[PDB]
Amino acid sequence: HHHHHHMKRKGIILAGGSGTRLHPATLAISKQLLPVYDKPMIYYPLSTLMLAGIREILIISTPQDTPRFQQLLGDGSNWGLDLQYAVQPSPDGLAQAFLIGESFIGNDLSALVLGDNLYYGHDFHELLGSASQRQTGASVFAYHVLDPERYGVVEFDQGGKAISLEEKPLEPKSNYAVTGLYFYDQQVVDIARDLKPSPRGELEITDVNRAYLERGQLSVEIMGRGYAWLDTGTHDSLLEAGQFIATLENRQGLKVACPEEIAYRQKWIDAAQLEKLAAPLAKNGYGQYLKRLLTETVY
């Protein structure tokens, strides 16, 4: 039949099971609800999508913990967002987010962020700007790491063009890891639908990204060393993430990834609504911070 065209990207946060890897610390609750310093882990990737201009977001979690995410985040109306929820009853790979989220995505562009990924740095809005404005193909970011063998790894030719992707190579071609933020056009659901499980029994995002690379439609932007990309894969790195955020916030008197603040600065909520959000937390430092936002110019 005839369609009519007259595009506005949706977000997905994958906040499912990290298995038994961090047990016993994660036996009672999902990793993405653990605090990083002063706020739940999922605030950080949520703030990243909000900074990209994305207001319609799907949170994917385990059946057990979906109510906890819903109690925390609600339907998003308090922050000028619309949040929906889906369950992932078995952790079958990152690319499953597109099958789980097929009806949510519909015919729109999308962005996937991992619920345990934290980003920090200057001009990040503009880094997210470039990817968000590409209405065709896929956009990912590459970041120099110590241990690229843990990640999807990008190989560049002498001219700096991305030429191959390898998932967890034993002998990485570079130290550039693909970060856990991915922008896709309308092709991604069909690409994901045709994936077959890897030997590990997982639907791999690296295979989705290679499909775009083979089409000549993968943009790989470098996220430079002046940004911090942290992912909280071990108890040690979780502690380090906490200390990192605390050092920054206590130095600056500003918070990293405060969703209320980002919504207020994006003009998705106004002063009066921000005042209402501050009221219940008025006796703790978080509520006091929200109140200070109303009567301070921050450049």
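Heads up: residue numbers just count along the shown sequence, starting at 1. Here, rigid core means the biggest group of C-alpha atoms that superpose within 1.5 Å across both forms.
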{"query": "Stretch departing more from the displayed form, 193-201 or 219-227, Cα RMS in 9 other deposited structures of this protein (core fit)", "finding": "193-201"}
{"query": "Segment of greater CA departure in 9 other deposited structures of this protein, 228-236 or 253-261, core superposed", "finding": "228-236"}
{"query": "Continuity check for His6 and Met7, given as deposited residues lacking coordinates between them", "finding": "4 to 9"}
{"query": "Of 137-145 and 85-93, the one with larger mean CA B-factor", "finding": "85-93"}
{"query": "Higher-scoring stretch by recorded Cα B factor average, 119-127 or 182-190", "finding": "119-127"}
{"query": "Most elevated Cα B-factor in the entry, residues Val154, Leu195, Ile222, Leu72", "finding": "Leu195"}
{"query": "Residue, from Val208, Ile163, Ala177, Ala111, that the PDB entry assigns the highest Cα B-factor", "finding": "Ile163"}
{"query": "Third of chain Cα B-factors occupied by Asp236", "finding": "middle"}
{"query": "CA B-factor placement of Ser30, once the chain's modelled residues are sorted into thirds", "finding": "middle"}
{"query": "Assigned third (lowest, middle, highest) for the C-alpha B factor of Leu46", "finding": "lowest"}
{"query": "Ranked against its chain, the third holding the CA B-factor of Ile262", "finding": "lowest"}
{"query": "Where the record places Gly16 (Cα B-factor, split into thirds across the chain)", "finding": "middle"}
